[PDB]
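Next up: a single chain in structure tokens, the form deposited in one PDB entry.
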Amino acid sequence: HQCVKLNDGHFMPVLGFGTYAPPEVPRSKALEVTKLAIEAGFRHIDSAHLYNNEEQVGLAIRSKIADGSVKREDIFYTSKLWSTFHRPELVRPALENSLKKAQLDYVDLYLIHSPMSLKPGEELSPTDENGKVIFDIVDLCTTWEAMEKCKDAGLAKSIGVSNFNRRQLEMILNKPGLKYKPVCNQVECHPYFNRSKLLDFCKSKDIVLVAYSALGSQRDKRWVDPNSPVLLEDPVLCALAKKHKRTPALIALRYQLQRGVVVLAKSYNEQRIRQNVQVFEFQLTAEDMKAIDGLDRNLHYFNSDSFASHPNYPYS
């Protein structure tokens, strides 16, 4: 039920449903599970142009509005501007296209998906003849201006960023004629990478930290090294789960909630979708918090080193 107030005065529900699924999963699944997530109790729905599912997710949202389950105002829907669209003149059309695909009039939240700008084209990851991705050099403050223009148009209620570090955040915050702060910064966050310093920064600036891969990544072969620790197998989360008679995933999500982090949970399984909303049903002790805090290994699951060269590469 709980929401946090955003620095533009809108409210963001603190538990969000992640909708990304690999290309293998049929697109119809995005429709089904998103309706399930809404039926379960989620009111915050995270998507993006990249995820190739905005048609299905928007259809689920429209279906739940139209069967009378919720109203548009109950749903907090997030889309993301992809990095082939960072040139300012490309920002508003991308949003419009996302809206046309999702069949909604506005998103509650529009994010700059990543700081590292790509070559503009009809392709989503443009690669040259050797298969290397072609970068673009764009001053992200101009991207931000185009984002602010989307806010004034009513196309996005709130605007924020994702995968930005301290430097990129303050580069937006120092911006001359800044009309709107980012309400939020959506970054990878879980017990093996808690972002305690980044989070403290944000709390100072009134920017919500939004955790993704907060259950430990879906562990795609393409992006994640399978030898990395499995977060939901962690001994301390398994211990706390048996102690509270919950599950490791519930421990992880509650961990974020109690340290003031809005947390995303992806699940395409109906039982886990309905289980994840029990995060509001129990609390961890300050000592449980301490023991999870102690798991921090500054561990990225998303291996991005073919982009280290990028001037805007987030964690240099």
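The first residue of the sequence shown is number 1, and the count goes up from there. Only residues modelled in both forms are compared. Here, rigid core means the biggest group of C-alpha atoms that superpose within 1.5 Å across both forms.
Unshown form deposited in another entry; subsequent notes refer to it.
With the two forms fitted on their core, the C-alpha shifts between the shown form and the other one stay under 2 Å for all of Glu73, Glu233, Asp225, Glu129 except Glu129.
Once both forms are fitted on their core, a CA shift of 2 Å or more is seen for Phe307 between the shown form and the other one. After superposition on the rigid core, residues whose Cα atoms move by 2 Å or more in runs of at least three fall at 127 to 133, 304 to 311 between the shown form and the other one.
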